[PDB]
Amino acid sequence: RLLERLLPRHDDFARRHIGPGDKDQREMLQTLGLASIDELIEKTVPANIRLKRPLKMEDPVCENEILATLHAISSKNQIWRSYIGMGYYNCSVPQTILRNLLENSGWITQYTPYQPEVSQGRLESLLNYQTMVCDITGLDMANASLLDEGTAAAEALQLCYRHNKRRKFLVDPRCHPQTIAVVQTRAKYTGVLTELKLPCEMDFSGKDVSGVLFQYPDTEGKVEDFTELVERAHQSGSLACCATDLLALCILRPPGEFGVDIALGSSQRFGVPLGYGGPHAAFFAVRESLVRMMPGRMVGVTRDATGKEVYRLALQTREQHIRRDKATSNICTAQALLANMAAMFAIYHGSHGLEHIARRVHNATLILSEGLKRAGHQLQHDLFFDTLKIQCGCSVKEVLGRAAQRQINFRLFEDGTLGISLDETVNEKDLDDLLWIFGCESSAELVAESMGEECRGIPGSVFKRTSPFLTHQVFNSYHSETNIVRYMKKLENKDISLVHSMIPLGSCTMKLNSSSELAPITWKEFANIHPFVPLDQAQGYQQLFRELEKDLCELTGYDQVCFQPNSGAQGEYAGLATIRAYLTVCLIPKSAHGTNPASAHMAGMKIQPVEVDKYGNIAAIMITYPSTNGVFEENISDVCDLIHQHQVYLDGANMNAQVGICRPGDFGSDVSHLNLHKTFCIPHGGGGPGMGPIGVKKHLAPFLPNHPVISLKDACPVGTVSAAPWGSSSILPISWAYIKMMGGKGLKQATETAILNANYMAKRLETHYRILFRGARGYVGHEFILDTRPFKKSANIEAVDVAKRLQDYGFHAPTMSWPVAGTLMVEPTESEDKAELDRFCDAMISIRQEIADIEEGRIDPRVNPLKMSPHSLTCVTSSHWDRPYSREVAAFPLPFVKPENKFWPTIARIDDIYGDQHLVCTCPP
Amino acid sequence: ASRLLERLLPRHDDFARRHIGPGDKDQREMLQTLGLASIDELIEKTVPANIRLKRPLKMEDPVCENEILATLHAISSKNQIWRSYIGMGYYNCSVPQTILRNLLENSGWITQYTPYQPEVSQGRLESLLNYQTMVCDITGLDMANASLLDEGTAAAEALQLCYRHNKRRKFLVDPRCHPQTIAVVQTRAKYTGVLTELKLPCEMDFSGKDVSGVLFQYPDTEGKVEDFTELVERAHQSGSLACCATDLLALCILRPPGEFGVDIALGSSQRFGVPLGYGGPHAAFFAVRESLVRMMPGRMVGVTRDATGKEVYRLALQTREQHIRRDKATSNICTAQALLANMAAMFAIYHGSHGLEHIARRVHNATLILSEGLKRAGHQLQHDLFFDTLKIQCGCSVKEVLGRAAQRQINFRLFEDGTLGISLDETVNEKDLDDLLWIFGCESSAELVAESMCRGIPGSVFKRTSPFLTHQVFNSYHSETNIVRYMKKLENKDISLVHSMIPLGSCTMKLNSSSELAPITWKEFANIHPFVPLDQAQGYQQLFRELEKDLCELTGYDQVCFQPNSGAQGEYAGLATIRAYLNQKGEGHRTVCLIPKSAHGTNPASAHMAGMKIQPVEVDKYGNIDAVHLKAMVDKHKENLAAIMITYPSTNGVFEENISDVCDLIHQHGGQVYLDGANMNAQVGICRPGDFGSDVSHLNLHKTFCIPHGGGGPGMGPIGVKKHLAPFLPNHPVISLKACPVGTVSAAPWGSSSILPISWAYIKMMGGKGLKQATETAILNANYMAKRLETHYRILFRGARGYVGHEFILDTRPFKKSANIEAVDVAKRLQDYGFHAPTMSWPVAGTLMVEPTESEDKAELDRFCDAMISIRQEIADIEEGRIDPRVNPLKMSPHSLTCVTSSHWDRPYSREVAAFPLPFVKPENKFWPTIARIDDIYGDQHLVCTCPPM
Ligand SMILES: *Cc1c(COP(=O)(O)O)cnc(C)c1O
Ligand SMILES: *Cc1c(COP(=O)(O)O)cnc(C)c1O
């Protein structure tokens with residue numbers, strides 16, 4: 001149009017997202033000996049599996065309009081005061097943690113702390129989170145987060161099965177309903193029988209029961225003594241698992257002190273938004289003797305090469321990347337970032353501030369309780385923390401009518417009674433609205449005057465907490481705003497992130513997490529809605545779900561998406577369970593991510609491994625296209641046809657090599673998870689949050705996950721896989737914004753440049769290191785493997801030496817020893833420009849020459865920069881220097897590493913064995 | 001006495017507990033160190049009894065931090081965000097979100113102040129050098145400063161520069177300059193003694209050789225692009241200078257002032273990625289020819305060497321500024337708009353010349369399109385050639401147009417003569433063009449108008465053909481990934497409040513809280529045009545009233561004027577109001593202003609700018625105003641006495657015993673009392689300047705009331721006045737503030753309105769109790785530090801009973817004789833201990849002045865005292881011969897990373913002593929000075945004030 005020539009688009013976000021401009025791409029193409037981008041794709045991606053017609057999507061939205069566009073959606077939501085409860089409680093998110101951690105690119109762009117020596121910040125903070133959970137729950141050791149409350153409870157069930165092998169598990173029906181549904185789904189496919197029984201109905205006599213799950217306080221609000229239940233279970237060989245609340249436990253005697261084996265719940269009310277379901281770090285802590293069976297990551301204390309006390313992920317042999325189908329769970333990405341928010345919450349308040357918040361909430365509930373009783377309403381339970389169950393003396397409708405006038409939501413119980421869960425945000429004004437809602441012609445002031453100040457409730461009961469918590473210096477040091485900012489910065493600056501340098505982690509897609517994408521996750525219209533609100537309050541979210549679904553259906557070739565799964569691994573489990581509901585043998589290549597076999601074990605499938613040939617190539621199969629080695633298989637249609645002849649799950653984690661070029665649904669796949677936090681810009685967050693939505697073909701849609709609280713429907717659902725119906729809803733705007741900004745053209749170009757960048761790097765490094773696997777005509781997809789294994793024989797150099805030595809050149813290492821042990825796998829993504837790629841290649845080329853010096857007797861084979869790496873500031877600034885290379889070689893190996901940009905590894909090399917032999921997983925004194 | 005509810009259900013939080021560092025335990029220990037039982041005893045012994053409050057501050061109940069944003073939202077949502085195409089120097093722009101998030105809302109960019117200590121400030125120094133380079137390239141002039149306050153104040157500075165250059169008393173102003181620009185220039189001329197004349201180029205008479213300079217605008221306020229070559233040449237042939245107000249976006253496609261002979265180019269940098277802000281803050285630009293640079297106002301970054309010979313940055317030719325030359329300085333300006341200059345530089349780095357040309361072409365073509373649509377519809381365009389601004393005579397009724405405009409919530413500029421101004425901007429899309437065309441009754445769409453259309457600037461002789469932004473810095477960081485990395489690189493070179501206490505005397509480096517900062521980027525504050533109709537800014541009005549009333553109550557004044565956009569502007573404004581009052585009263589012969597020699601350099605400069613005869617008053621050996629010399633000087637000038645400028649407490653941190661007497665004395669002899677409020681952090685909740693005889697004070701919101709220091713701006717300097725001065729307070733020619741106004745001192749009626757919420761939020765969160773406690777702890781902390789250092793260094797001045805206020809001076813001068821150690825040695829050596837130095841060599845040369853503020857806790861204060869105590873022992877080593885006097889830690893400081901990690905080490909102390917002097921300085925928190933010691937003389941001898949190659 002002539003308008004478009006006179007008045008072009010204001011901006012094109014693809015130009016900001018994609019690093020290499022025109023000049024870079026031409027030069028990279030010259031380096032590959034190719035005339036154009038299309039030629040590269042034609043020589044990489046098999047012709048017969050490419051798209052017929054280009055992605056059909058909306059015209060791209062300029063970056064300078066994306067927030068107004070999205071506001072037109074989010075403003076459709078209504079922000080009521082929700083006192084629904086059910087595991088989500090509004091809280092006061094300290095603005096300084098929101099600003100300096102959540103909206104800080106130096107906290108949120110890094111991923112899992114695999115490389116500890118450039119990750120001590122987030123490792124300390126996750127150690128703070130564990131310490132907090134252990135102190136408050138009263139149990140011995142806690143993990144570095146699970147996905148949500150209900151999954152954490154399923155993991156408790158699974159832990160119990162792993163401990164004693166018994167096929168029965170008793171559930172208290174007073175657990176939250178979404179918790180029950182997720183535990184029953186896991187039990188169903190793991191082969192364990194669950195029974196809904198109250199403590200008095202629970203029969204342990206038969207010595208068949210693995211464990212019991214109850215809640216404290218329970219879903220109705222009641223505080224109950226489980227000492228006797230726990231003792232009865234113990235005398236019959238069963239374990240006792242307790243879902244709980246960290247705020248409640250600030251004044252309640254905790255599960256640890258009435259014999260509980262496993263304590264779990266959500267950390268959400270410790271300073272994290274409602275988020276319309278997530279993301280929230282769940283907690284999960286166990287007795288000392290159960291720790292070998294712990295799920296997820298767990299920070300421990302160890303030594304470095306100098307003997308300094310330092311942090312690192314401990315007992316890693318439990319996890320998916322080592323033990324695969326024999327692992328303690330399929331979980332990979334958890335909710336590291338939001339665990340760190342909650343730990344900062346507890347550091348900022350201290351035990352003293354958490355007691356103040358908890359007492360205040362409880363007294364506000366006690367006050368409301370007396371007001372309602374005065375007015376002729378009936379309270380079902382005398383002792384509670386923050387939650388009342390009310391039989392209305394007057395009409396329930398007229399109450400709800402008034403409640404609607406003050407825009408307040410209650411929990412509507414099946415039996416016609418009401419749930420009210422007060423929280424940290426509740427003040428006098430709200431109590432007055434609440435008392436007016438129930439027709440009590442008395443204010444909160446006046447009700448309080450005739451209560452007196454004899455202690456009542458929890459402080460006046462035998463359930464009074466007497467044990468201390470958060471006595472470590474870290475929880476009693478950073479209470480001024482000035483101090484917490486300084487502390488958050490100190491830990492930030494220890495962690496190498498995307499504000500520093502490329503993090504080319506294979507199968508992680510460390511691409512740009514844009515500001516404009518990130519902004520909306522802290523908008524009140526997304527962050528401050530309770531997941532279980534009536535749907536007329538969440539019509540903005542509905543529209544977001546539809547638009548993102550439709551877009552994702554179009555990129556993948558599937559028919560319907562389910563947002564419920566809140567990690568890739570959860571999507572695999574969900575996808576496999578949907579295949580089983582539609583219908584047990586699951587074929588899995590040995591090249592598959594460790595989540596693949598673990599998910600299948602969790603979904604109750606018999607795993608048959610399939611071998612990989614020497615060129616790297618190969619109820620259901622799990623495939624990945626491209627290969628977890630970055631190579632496109634020539635005849636993937638044939639594999640899909642073959643399985644269908646006798647369903648096909650396709651792992652989507654490598655979709656950044658596909659988008660706008662080919663689609664898994666077009667070539668025979670029935671179901672895929674997508675990693676939104678890897679391909680679609682959700683921030684990696686130090687190891688979470690992520691989302692793992694599954695696209696399915698028409699025929700699987702009737703069996704997709706449902707939810708017992710908010711209904712997601714010929715339906716025949718597999719069950720329920722996450723605590724919240726659409727998982728971590730509040731981070732979904734990030735991927736919607738990427739997609740709507742990029743458009744069809746931009747998304748295609750991003751995939752193009754991801755492949756270009758990976759091949760350019762491989763090309764540059766091919767005469768220095770072996771590129772282990774390639775496609776039929778020699779080209780890789782979006783990543784490649786450098787075979788460092790030969791340097792073991794020639795120089796006694798291991799991949800780990802190269803990993804640590806890279807830190808000295810200003811780079812986080814690529815992915816290590818997977819899919820192939822003793823190798824590096826490299827994924828630059830599209831967001832990094834030529835000069836950044838050239839620095840990484842030059843660092844590797846220079847390291848190659850260091851290996852050559854050892855291979856040639858030019859430098860001591862025991863004491864060289866590779867074996868002594870990383871080189872800390874304390875090492876390099878010491879007066880003591882007794883090494884046969886200079887300090888310049890150690891810390892500034894090439895001229896692009898300058899004092900002006902020098903990132904310091906904060907410690908010497910990590911000792912892996914020592915920490916697991918001296919297991920300490922709480923902040924030491 | 002409390003309600004039962006308040007005991008069962010106390011306040012959710014108290015922000016004073018987060019703002020004030022020392023808790024109960026700290027304060028008890030500090031009190032023990034002072035030998036005092038309680039806080040009240042301290043105050044009783046510090047602040048004289050007779051000037052203290054008779055009753056507590058009467059203020060609203062404090063607002064919990066967890067409700068402050070909801071409370072403020074109830075005010076801000078009263079504003080209406082229309083699409084404003086008013087123009088008049090403010091043009092909506094698309095603020096790149098990544099710069100907003102990673103710079104504006106980064107505490108690592110905004111908490112630091114003026115880059116006095118260059119070796120821990122190279123980041124923001126490079127960025128200000130980027131800003132200068134950008135201005136110089138785009139304007140085509142030789143050297144630019146590191147920001148002025150706004151467009152109109154920059155134009156007044158041009159007038160003043162011209163007077164300084166040639167001493168002629170006439171200055172010609174084009175009436176097609178923006179009206180607020182004219183009003184601010186006329187106000188400055190009025191009190192400086194220069195006569196302005198409003199004359200069009202053809203009416204301008206340069207032939208008498210009595211014209212200092214001329215000011216015109218390009219494009220002018222009506223939108224027109226005109227050739228000023230001949231005007232400039234005529235002025236030059238008669239000895240006058242030519243000053244040009246301009247627009248940086250416009251100049252991306254227009255040949256700039258540099259290429260038609262202009263001597264001074266200025267304007268606002270606001271379009272380059274900074275919000276409308278309902279007036280501010282925006283960095284103004286100001287650039288000059290090579291030969292005029294000695295007379296430059298403000299700061300200016302220059303290139304120099306460090307001790308190793310490395311190329312590095314620092315503030316250049318500092319002898320021009322207020323802190324050195326005082327009343328002989330090139331201006332009174334101190335705090336400028338450093339942070340917003342850095343935003344605009346990042347804007348230009350992110351877009352490059354190529355992206356700025358794209359934005360500018362797009363805006364211009366959007367205007368050309370609108371232009372053809374209006375002509376088709378029967379409306380008359382007054383000027384053929386424009387950038388983004390049309391002047392329209394409506395073919396139909398103006399009312400029916402404005403009626404329709406109101407229906408699409410669009411504002412135009414209403415000219416006095418019944419015509420309309422429309423200024424398009426970067427935010428204007430097809431949809432808006434269509435609304436605009438519908439507004440004027442053109443039934444054609446933008447698409448259709450465009451189909452029947454190079455013309456405009458590209459088709460004219462005004463086409464820009466000169467390049468700009470050819471340096472690598474403007475062609476390197478176009479990916480979002482790169483610009484984030486670049487902003488971080490510069491952030492991490494700058495020590496800030498995310499690292500350690502910055503105890504800068506006379507700066508009040510207190511907490512800039514997140515919850516206070518959050519609202520400044522709310523659309524309801526950030527995206528309103530300063531000249532909108534007032535029914536669109538009723539939230540702002542309510543904010544102004546509430547903050548005014550609160551500030552009136554803390555100060556004892558009757559009315560506040562928010563127009564002045566720095567403390568120094570408030571001084572100038574306050575002094576000018578005193579002169580207008582005196583003129584009204586029959587007493588304009590009174591021009592003498594008495595100023596103690598201890599006064600901030602802004603004091604004498606402001607008085608010179610306001611046209612007062614300065615008489616210095618001496619200070620005695622005890623640090624007080626010399627009562628004999630004062631009495632003499634009062635008597636000498638009693639018939640001509642206009643004012644005194646005092647500071648309570650003194651600029652040395654001491655409370656004067658008889659300040660009432662000083663005020664009474666001046667009032668006895670026919671003059672008014674101006675009180676410099678910059679030290680109000682020692683007063684709030686305890687005493688009030690209005691109660692003891694003061695008539696007028698500026699307050700520094702960016703010092704006492706939590707506005708972020710921003711690397712040297714932004715600030716606000718509101719003046720409180722007594723009833724009798726209120727009729728003479730500044731007004732504004734566009735939005736009426738009323739009366740017999742002094743004139744207009746800032747471009748925007750309430751200055752930088754969008755940062756005012758920060759101080760409102762501090763005040764409403766703290767309450768009467770919290771504000772008092774903050775002042776209490778500021779005084780406690782300062783005395784505790786002085787107490788701990790008194791046997792190692794001389795505390796130069798104290799109050800009558802031995803106690804200081806909120807700051808104190810360490811007399812380091814004796815170490816010159818005993819060890820050949822200068823204050824600067826101590827300043828640089830402190831960097832090695834992880835601290836930015838305190839304020840240096842003012843009020844007393846060769847000394848350090850220390851202000852911890854209330855926001856820092858005991859352990860942080862103890863770290864600073866231990867660093868000083870340890871440095872004392874280093875000085876002792878030189879005094880007693882234990883270490884070389886030339887080569888020791890103090891003389892070699894700061895110690896950079898490159899120095900300490902070198903293989904070559906030839907110093908008589910260890911690397912550990914150099915970089916980790918005490919155990920609290922650890923690898924895990926080590927802040928590195930990024931360069932060796934700065935060479936001060938070399939840079940001023942080899943003046944280079946733009947980014948050098950590569
Ligand atoms: C990264 C990745 C996953 C991620 O699973 P999460 O639970 O989201 O961490 C799964 N599969 C493959 C092949 C991956 O590369
Ligand atoms: C900071 C200051 C000023 C002027 O403030 P600006 O905002 O920089 O103009 C005046 N007097 C004293 C004592 C100051 O500290």
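If you go along the chain as it appears here, the first residue is 1 and each next one adds 1.
Determined by X-ray crystallography, 2.3 Å, according to the entry header.
Using the three backbone atoms N, Cα and C, a Cβ is placed for every residue, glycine included.
The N6-acetyllysine annotation in Swiss-Prot covers A:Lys397, A:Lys464, A:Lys590, A:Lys606. Summarising the annotation, Swiss-Prot assigns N6-(pyridoxal phosphate)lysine to A:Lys678.
The number of other CB atoms found within 10 A of the CB of A:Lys397 (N6-acetyllysine), across every protein chain shown, is 9. Gap between A:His646 and A:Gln647: 2 residues not modelled, C-alpha separation 9 Å. For the residue listed as 'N6-(pyridoxal phosphate)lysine', the number of other Cβ atoms no farther than 10 Å from its own Cβ, over all displayed protein chains, is 27. When Cβ atoms from all protein chains are considered, those within 10 Å of A:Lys464 (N6-acetyllysine) total 13, not counting its own. A:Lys397 (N6-acetyllysine) has none of the modified residues A:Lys464, A:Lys590, A:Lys606, A:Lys678 nearby, counting only those with a Cα within 10 angstroms of its own Cα.
Here the CA atom of A:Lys464 (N6-acetyllysine) lies 46 Å from the CA atom of A:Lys678 (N6-(pyridoxal phosphate)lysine). The Cα of A:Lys713 and the Cα of A:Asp714, which border 3 unmodelled residues, are 9 Å apart. According to DSSP, A:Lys397 (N6-acetyllysine) sits within a helical segment. Long-range Cβ proximity for A:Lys590 (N6-acetyllysine), meaning a same-chain Cβ under 8 A and a gap of 6 or more residues, is found for A:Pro609, A:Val610, A:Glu611, A:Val612. The chain break between A:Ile618 and A:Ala619 spans 16 missing residues, with the CA atoms of the two ends lying 18 Å apart. The secondary structure of the residue listed as 'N6-(pyridoxal phosphate)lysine', as reduced to three states from DSSP, is coil rather than helix or strand. In the deposited coordinates, A:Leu583 and A:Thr584 are the last and first modelled residues around 8 missing ones; Cα to Cα they measure 9 Å. According to its DSSP assignment, A:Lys606 (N6-acetyllysine) is in a strand. All protein chains shown were included, and the count of other CB atoms within 10 Å of the CB of A:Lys606 (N6-acetyllysine) stands at 11. Mapped onto three states, the DSSP output places A:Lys464 (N6-acetyllysine) in strand. Under the DSSP three-state reduction, A:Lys590 (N6-acetyllysine) is assigned to coil, being neither helix nor strand. In this structure, the C-alpha atom of A:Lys606 (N6-acetyllysine) lies 49 angstrom from that of A:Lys464 (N6-acetyllysine).
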